[PDB]
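Each chain, letter by letter, is given below.
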Amino acid sequence: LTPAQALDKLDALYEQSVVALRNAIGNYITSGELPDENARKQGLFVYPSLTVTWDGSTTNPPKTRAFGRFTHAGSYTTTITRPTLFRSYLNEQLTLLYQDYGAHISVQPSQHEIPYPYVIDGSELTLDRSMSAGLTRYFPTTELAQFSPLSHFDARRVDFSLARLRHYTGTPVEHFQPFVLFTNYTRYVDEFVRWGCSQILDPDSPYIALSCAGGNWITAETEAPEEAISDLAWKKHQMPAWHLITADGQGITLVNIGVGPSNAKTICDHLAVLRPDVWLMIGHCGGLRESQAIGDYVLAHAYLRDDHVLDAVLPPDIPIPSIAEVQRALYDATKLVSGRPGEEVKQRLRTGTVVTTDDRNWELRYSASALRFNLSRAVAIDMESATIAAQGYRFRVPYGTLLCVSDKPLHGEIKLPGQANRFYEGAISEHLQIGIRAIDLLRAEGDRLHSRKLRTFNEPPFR
Amino acid sequence: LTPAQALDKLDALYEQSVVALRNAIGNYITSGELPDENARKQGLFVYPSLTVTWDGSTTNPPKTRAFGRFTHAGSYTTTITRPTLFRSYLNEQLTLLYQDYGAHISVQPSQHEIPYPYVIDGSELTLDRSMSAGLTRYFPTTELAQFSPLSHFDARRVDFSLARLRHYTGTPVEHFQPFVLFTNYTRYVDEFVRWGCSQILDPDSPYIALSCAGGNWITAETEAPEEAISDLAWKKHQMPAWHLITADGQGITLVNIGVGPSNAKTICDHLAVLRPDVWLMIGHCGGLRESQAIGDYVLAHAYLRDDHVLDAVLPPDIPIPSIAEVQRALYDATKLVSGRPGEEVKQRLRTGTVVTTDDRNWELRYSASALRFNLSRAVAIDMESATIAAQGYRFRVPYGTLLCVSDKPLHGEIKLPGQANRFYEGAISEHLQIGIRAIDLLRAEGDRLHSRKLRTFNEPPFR
Amino acid sequence: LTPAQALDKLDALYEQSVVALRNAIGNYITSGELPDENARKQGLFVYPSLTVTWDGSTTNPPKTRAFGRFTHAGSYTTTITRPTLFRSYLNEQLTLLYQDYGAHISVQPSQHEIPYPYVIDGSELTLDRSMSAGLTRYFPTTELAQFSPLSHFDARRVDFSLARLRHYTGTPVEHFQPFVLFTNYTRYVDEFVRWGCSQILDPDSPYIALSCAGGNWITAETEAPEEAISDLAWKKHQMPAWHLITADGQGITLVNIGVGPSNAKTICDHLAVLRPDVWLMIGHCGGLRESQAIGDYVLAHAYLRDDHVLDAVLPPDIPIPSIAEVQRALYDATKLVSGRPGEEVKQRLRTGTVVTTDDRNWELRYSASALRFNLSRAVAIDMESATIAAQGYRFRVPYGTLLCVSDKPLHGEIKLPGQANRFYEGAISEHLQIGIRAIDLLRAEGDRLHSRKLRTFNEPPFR
């Protein structure tokens, strides 16, 4: 079976099942009819299954490629969902294994049923208690409990996160671009939207659309480009997102994750299933060194993890490295945008260890932290960095952090983003531009972007 | 010196210093003039100091009162800030020690200077780098490096939190009421404002005003009571607050803390300095038992602390108890507001252990958590409870938690806040009313509210 | 006082004290005469003391330099030993502070006496028990329990390590060069000596001498350059060293630390006092990825610390970053020497996380380690790397690791250093050359080499 063939059969089996599940739900609601356990056993409400097999012998198998590689010979399978949505990705991946390895591709019904909530296209159902109780009782519901994996996530895990992304983001998952930017300050999105609307108008710019948290779709032929940032978004969605789309889907997605490790973890948990090409943390931080000035930039080369939120799945003694590719991009982008070539940057940019804490009022316990700050040669403190970085590491998503000093806790200039602090607010536009330029630089690097620094021993074939 | 005298002298010394500091700042800005180190040594920019002394001999000293008591004989002192703001509190406290113990009160300049940022009534003065550098260099600044304590917080710690409360809350600290309600869902404030505006209109209701996050002040003689909830509030402030004020300052303050342990901890750190009479957690949770129905209520009698955020200052093995007074109020209010002719609360209310986690996607690791959930006899899971409760314990603020099941993760009904949930949205109004009634019941209890369950061995004299 | 003046006075006071101490010892040995407690109180047997003071005001103080900087105004002092030995270093350092800050330099007797064992130049005066007991009783001994630090180490700590370096190394501390190479396989020194002797003969090469472990001094005018590697060295010294010296003392020192974290830690502890410019780990490792071929190179970008030896002074959760400057040099040198121009290095060079263990037979417990190897995305495993890197971090000595796969434990190719390993043995010469070329590249970078990534908050003025 070939890539295009597999994709078509996945589409077929998927659509068929969701349509079948919808009907059953409809019938149960209109009359009280239940599906026959026999047809289900046949794969009535089942996700398609993709299996790739490799004999284990090829002339010269790619030994340098970061993804689309095989560690050993055997069969790799995985349940698939939303084939159309992942068309490109699945094509690209299956193609790599088909050609470079001459792998056997096969598609068939899985043993896993699609939880009914994921097939209800419109809105969540709102039947009376007796009705809901019946649905959860006779239909496929989510099951919290959960020879080789072909990809990082299975169908259920992906459907789970797609629903969440939409809810938290107030945006359709189809609009998400491969290059992500995370911010922890509302003004960054103000600046992003402005620069975005502007780009849409320039006929030379690839940016043709702007998806907005809340539903707004802005294009070059839109009447009132002011509805871009509807204040209602921040009340409806916890982590508002904005997508600057391009025809080839190589735009920039910006998510305002807010503040705290909890949110940073959560958003990455879901965004990971879209297999982004990279996500950068572009936000404010507290400068810990006497020589830093508000408005300066910090490029993180390591993290002191005091965020706790990931300690169970990724112990604090596991090193989270930097991605050279991303570091260079971040560094060069700072030279370019900040208008200071060579090593003039040194006066505006500091590269060092960032401390991420889950305690916003960490200042009330400075003495208790001082030793570790010193021990780690801390240069700045924030609340999302390490988390974003750890998640990128966990999910194989290139990551990086370029923060901007919004204050100096240890040197009297204590403040809080969202108050009277002109030197930081004046840095915002520039800061955002550095992130955007880094993305441009990385987007150009093509495949060089992804390296082997994130691969595990049992790394799945799909990127 | 008597209470009223002490209060007047504190007011005098305080205003004098803040005025002196403003002048010095103005002079330095207009000309470049610096204050003379001699006048400062005299207490030019200094916080007033309040000292209460007790000989150690009185007929029958209160041995049962939770607060306003002396452990031993001696002198107790503390720097004071915003005497006017704390007029009632300070009066009530000094009065108890003055009469019941015949204590000696004295007010004098302290050795601590008021950090200039706290005297700048308006926003920050827009100064260039050279100017700011000078201010932080020649004037008092907030420093992290920080006979017996008279109160829980000193002037600097208090000023620090007052500025914060205003920023996070979008409200003036003068409007905060003694009875606090914390919510984690935007709809609760919608319901609170509605019920509030309504009360303001009822001539029999003590509620005469409604302070709104953002600046709005609604009274019985206000034209458009719709500006109560300005959507812009949720963009400008992280933890919007609303105060239903009464003439005697015994109203109800509601803060939407949002989601996560980080925020819960932060807000409590600052709100603690206003010495609230009680704070209740009124939010949604996930029901963990199959016999629970969406919309049911959970009264927490214990907490499994998986929030991490407070592990350093309060180890997980330190037991956080329940306050019987608050429990009864919460239980009775559930009977009253929810009460139905032919039924017992047991069918709607479950009393048990709540798990508070910093991991929103804890479901992705159920197996790893299952043992502890069982071990703890967990009944519900949320993200703020334990934190609010632990902070209450730490700051001696009676606390309680009454949650409402918004979904059942372990039983095929995963629903998210804001998603279409017929039976949880329908419970919000009643839920809020239970909180409000519990407050009413506690407000009536007068002093019974506060007990000795929160006192430490070195408990300060002031409540 | 000027740098040159300070150096002369340090030399004077130092020589004077060591001479005074020798006499006193001589007198006690020949007759039984004890020094008078009065002359001692005057600084008879005392180390010189160097003090630098800074008013705290300078036009534009260096805010970018990695070393020779002041954090605040005040006085910095330290006891000094072997001024002649450290002449260059002390000169360079005092000069930076003298000119760039116009600092006040002063030299005077300290309150610390030189332990007599450090003044016994030969150490060959055998004394009976009664005599030794007397010496330790009436003279300055090495006390184990040993206004702001001017440098990282004090006179006693330095003397302590200089003695050790000589003993372990079988070399005079005066011969140590600023650029260090650490190896864990004897063949690397064979290759180093060969390439060294050869360089000494080329009239264009800066290398004019070769100090050998054991005592040999080889020059362009030496008869038998075969005595370079005397087999007796490996029996006499635990960590033999070899120095390729140049007229300006910018050669290359190579130390064969052997195997194990204990040795790696120990050698660094002592070598640190000579304030090297950099030290690189050039040794073999086990390749953990099936795509790696024996002979391939591993550039470490992070370390999984399973060495234990440094856990107490540097907790495993403290991140040990990579030094970009060193990483580039190592990377570039691999391109140049490995003659694989461009991105083709990828096939020979793998950049990733290295696991350092103190358990050579770790293979007997693979299952127990597999989880962490995977968790850390381990690429190779060795026994010195992390330790060397940690020590570099702790002592502010730029560091880096470029290992060469000598075997593949996880893939049926286990090989022991010294066994017939066609593809590892054939790469040793190339490997060593990569290290040497990295040093050449770094040596050219001048001051760029040192960055601020290693500075602590209380970082001493001296490099």
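Residues numbered from 1 in each chain as written, not as in the entry; some residues may be left out. Chains lettered and ligands numbered in written order. Part of a larger assembly, values for the part shown. Heavy atoms only, no water.

As stated in the entry header, the method of structure determination is X-ray crystallography and the reported resolution is 2.70 Å.

**Quick notes on the overall build of chain A**
A count of helical and extended segments in chain A gives 13 helices and 15 strands. Its C-alpha radius of gyration of 24 Å places chain A within 12% of the 23 Å reference for a compact globule of 463 residues. For chain A, the residues scored as buried account for 61% of the 463 residues in total. For chain A, the accessible surface area stands at approximately 16800 Å², while carbon and sulfur atoms represent 50% of it. Charged side chains of chain A number 45 positive and 52 negative; the gap between the two group centres comes to 6 Å. (Helix = DSSP H or I, 4+ residues; strand = E, 2+ residues; numbered from the N terminus. Rg over C-alpha atoms; globule rule 2.2 N^0.38 Å. Buried < 20%, exposed > 50% of the residue type's maximum accessible area, 1.4 Å probe, protein only. Areas by Shrake-Rupley, 256 points an atom, 1.4 Å probe, with all protein chains shown as cover. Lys, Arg positive; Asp, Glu negative; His and termini not counted. Charge placed at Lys NZ, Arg CZ, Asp CG, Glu CD.)

**Let's talk about the relation of the copies chain A and chain B**
Note on the identical chains: chain A maps onto chain B by a rotation of 180 degrees and an axial translation of 0.0 Å, with an RMSD of 0.8 Å. Such values leave the two copies arranged in the relation of a two-fold axis. A shared interface surface links the copies, since 91% of the contact residues of chain A are contact residues in chain B too. (Least-squares fit on C-alpha atoms. Contact = heavy atoms within 4.5 Å.)

**Quick word on the pattern of salt bridges**
Counted under the stated rule, the structure contains 75 salt bridges over all chains. As a salt-bridge pair, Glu445 of chain B and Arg448 of chain B come within 3.1 Å of each other at their nearest N and O atoms. Classification of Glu445 of chain B by relative accessible area gives partly exposed; the value is 37%. Residue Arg448 of chain B is classed as exposed on the basis of its relative accessible area, which comes to 58%. With a shortest N-O distance of 3.7 Å, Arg87 of chain C and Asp8 of chain C are connected by a salt bridge. Here the residue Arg87 of chain C occupies a position in helix 3 (residues 87-101), and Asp8 of chain C occupies one in helix 1 (residues 3-30), the gap between them amounting to 79 residues. (Salt bridge = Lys/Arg side-chain N within 4 Å of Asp/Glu carboxyl O.)

**Considering the packing of helix 9 (residues 324-338) of chain B against helix 13 (residues 428-444) of chain B**
Residue and element names in this part refer to chain B. At a closest axis distance of 8 Å, the pairing of helix 9 and helix 13 adopts a crossing angle of 130 degrees. Classified by the angle between their axes, helix 9 and helix 13 sit oblique to one another. Once helix 9 is placed against helix 13, the crossing between them reads as right-handed. For the pair helix 9 and helix 13, the contacting residues are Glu325, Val326, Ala329, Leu330, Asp332, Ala333, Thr334, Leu336, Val337 and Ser338 in the first and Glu430, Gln433, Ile434, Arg437, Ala438, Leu441 and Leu442 in the second. The residue makeup of the contact of helix 9 with helix 13, split by class, is 10 nonpolar, 3 polar and 4 charged. (Axes fitted to C-alpha atoms, helices over the stretch in contact; angles between N-to-C directions. Parallel < 35°, antiparallel > 145°, perpendicular 65-115°, else oblique. Left-handed = near helix turned anticlockwise from the far one by under 90°. Nonpolar A, V, L, I, M, F, W, Y, C, P; charged D, E, K, R; others polar.)

**Focus on the interface of chain C and chain A**
Taken together, the contact between chain C and chain A spans 46 residues of the former and 48 residues of the latter. In this assembly, chain C packs against chain A so that about 4100 Å² is buried in total across both faces, 52% of it on carbon and sulfur atoms. Ranking the residues of chain C by area buried against chain A places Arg377, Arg452 and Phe457 of chain C at the top, with a combined share of 19%. The interface formed by chain C and chain A holds 5 salt bridges in total. The partner of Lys63 of chain C in a salt bridge is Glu290 of chain A, with the nearest N and O atoms 3.2 Å apart. Those elements that place two or more of their residues in the side of chain C that touches chain A are strand 11 (297-306), strand 12 (349-357), helix 10 (366-375) and helix 11 (385-394) of chain C. Tallied by class, residues from the side of chain C that touches chain A come to 18 nonpolar, 12 polar and 16 charged. (Buried area = accessible area lost by both parts, 1.4 Å probe.)

**Description of the relation of the copies chain C and chain A**
In the superposition of chain C on chain A (RMSD 0.4 Å, axial shift 0.1 Å), the rotation amounts to 179 degrees. Looking at the interface residues of chain C, 100% of them are also at the interface in chain A, so both copies use one shared face.

**As for helix 8 (residues 261-271) of chain C**
Residues and elements named next belong to chain C. With 8 of 11 residues buried, helix 8 lies mostly within the body of the structure. Of all the residues in helix 8, the buried ones are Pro261, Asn263, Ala264, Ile267, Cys268, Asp269, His270 and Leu271. Residues of helix 8 that are buried in the fold lie against helix 5 (155-169), strand 4 (179-183), strand 8 (252-256), strand 9 (278-281), strand 12 and helix 11.

**Structural notes on the pairing of strand 5 (residues 179-183) of chain A**
All names here are of chain A. Along strand 5, 5 of the 5 residues are buried, which leaves the element largely enclosed by surrounding structure. By the alternation rule, side chains of strand 5 split into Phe179, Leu181 and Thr183 and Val180 and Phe182, which are all buried. Pairing analysis gives 5 bridges linking strand 5 to strand 9 (residues 252-256), with the strands arranged parallel. The residue of strand 9 that forms the bridge with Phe179 is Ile252. Pairing of strand 5 with strand 10 (residues 278-281) involves 4 bridges; the strand directions are parallel. Bridge pairing in strand 10 links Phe179 to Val278. (Pairing = 2+ DSSP bridges.)

**Some remarks on the interface of chain A and chain B**
The interface is formed by 64 residues belonging to chain A together with 60 residues belonging to chain B. Both sides of the chain A and chain B interface together cover about 5400 Å² of buried area, and 53% of this is carbon and sulfur. Between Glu363 of chain A and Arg164 of chain B there is a salt bridge whose closest N-O contact spans 3.9 Å. The tally of links between chain A and chain B comes to 20 residue pairs in polar contact. (Polar contact = N/O pair within 3.5 Å; in protein donor to acceptor, adjacent residues only side chain to side chain.)

**Focus: the packing of helix 1 (residues 3-30) of chain B against helix 3 (residues 87-101) of chain B**
The axes of two packed helices give the description: the angle between them and the distance between them. Residues and elements named next belong to chain B. Here helix 1 crosses helix 3 at 140 degrees, and the two axes come no closer than 9 Å. Classified by the angle between their axes, helix 1 and helix 3 sit oblique to one another. Judged by the sense of rotation from one axis to the other, the crossing of helix 1 with helix 3 is right-handed. Residue-level inspection shows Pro3, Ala6, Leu7, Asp8, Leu10 and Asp11 of helix 1 in contact with helix 3, the latter providing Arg87, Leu90, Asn91, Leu94, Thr95 and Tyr98. Of the residues assigned to the contact of helix 1 with helix 3, the class counts are 7 nonpolar, 2 polar and 3 charged.

**Let's talk about the sheet that holds strand 2 (residues 74-79) of chain B**
All names here are of chain B. Strand order in the open sheet made by the 4 strands is 3-1-2-4, with mixed pairing throughout. A strand with exactly one partner marks an edge of an open sheet, and here the two such strands are strand 3 (104-113) and strand 4 (148-149). As judged from the 6 bridges shared by strand 1 (residues 46-54) and strand 2, these two strands associate in the antiparallel manner. Its bridge partner lying in strand 2, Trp54 is registered against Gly74.

**Here's the deal with the domain arrangement of chain A**
Residues and elements named next belong to chain A. Taken domain by domain, chain A comprises domain 1 (1-151) and domain 2 (152-463). Distance from the C-alpha centre of domain 1 to the C-alpha centre of domain 2: 32 Å. Contacts between domain 1 and domain 2 engage 34 residues on the former and 26 residues on the latter. Summed over both partners, the interface of domain 1 with domain 2 buries about 2500 Å², with 59% contributed by carbon and sulfur atoms. If you look at where domain 1 meets domain 2, you find 1 salt bridge. The partner of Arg82 in a salt bridge is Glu174, and the shortest N-O contact between them spans 3.4 Å. Along the contact surface separating domain 1 from domain 2 lie 11 residue pairs in polar contact. (Domains from an automatic or database assignment.)

**Overview of the side chain of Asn184 of chain A**
Residue and element names in this part refer to chain A. Residue placement: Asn184 occurs in the loop between strand 5 and helix 6 (186-201). With relative accessibility at 9%, the residue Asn184 sits in the buried group. At 3.3 Å, the side chain of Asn184 forms a polar contact with the backbone nitrogen of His284. The residues touching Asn184, leaving out its near neighbours within four places in the chain, are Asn256, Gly258, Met281, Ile282, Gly283, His284 and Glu384.

**With respect to the arrangement of the chains**
Between all 2 pairs of chains that are in contact, chains A and B come out with the most contacts. Taking C-alpha atoms as the reference, chain B and chain C come no closer than 13 Å and do not contact one another.

**Digging into the sheet that holds strand 1 (residues 46-54) of chain C**
All names here are of chain C. If you walk across this open sheet you meet the 3 strands as 2-1-3, and the pairing is antiparallel. Edge positions in the sheet fall to strand 2 (74-79) and strand 3 (104-113), since each of these pairs with one other strand and no more. Averaged over all pairs of adjacent strands, the angle between their axes in this sheet comes to 25 degrees, without regard to strand direction. With 7 bridges joining them, strand 1 and strand 3 adopt antiparallel strand pairing. By the bridge assignment for strand 3, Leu50 is matched with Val107. Strands strand 1 and strand 3 of the sheet are contacted by helix 1, whose axis makes an angle of about 160 degrees with strand 1. Where helix 5 meets the sheet, it contacts strand 1, strand 2 and strand 3, and its direction lies at approximately 125 degrees from that of strand 1.

**Quick look at the packing of aromatic side chains**
With the rule as written, the count across this model stands at 45 aromatic pairs over all chains. Ring centres of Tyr28 of chain A and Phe139 of chain A lie 5.7 Å apart, and the angle between their planes is 70 degrees; on these two criteria the pair is classed as edge-to-face. Taken together, the residues span a long stretch of sequence, with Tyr28 of chain A in helix 1 (residues 3-30) and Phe139 of chain A in the loop between helix 4 (129-138) and strand 4 (148-149) at a distance of 111 residues. As far as the burial class goes, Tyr28 of chain A and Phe139 of chain A line up, both buried. Here the aromatic residues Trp54, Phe70, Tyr76 and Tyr101 of chain A are joined through ring pairs into a cluster of three or more. A cation sits over an aromatic face here: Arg129 of chain A above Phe423 of chain B, 3.6 Å from the ring centre. (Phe/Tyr/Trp six-rings, centres within 6.5 Å; stacked < 30°, edge-to-face > 60°. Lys NZ or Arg CZ within 6 Å of the ring centre and 35° of its normal.)

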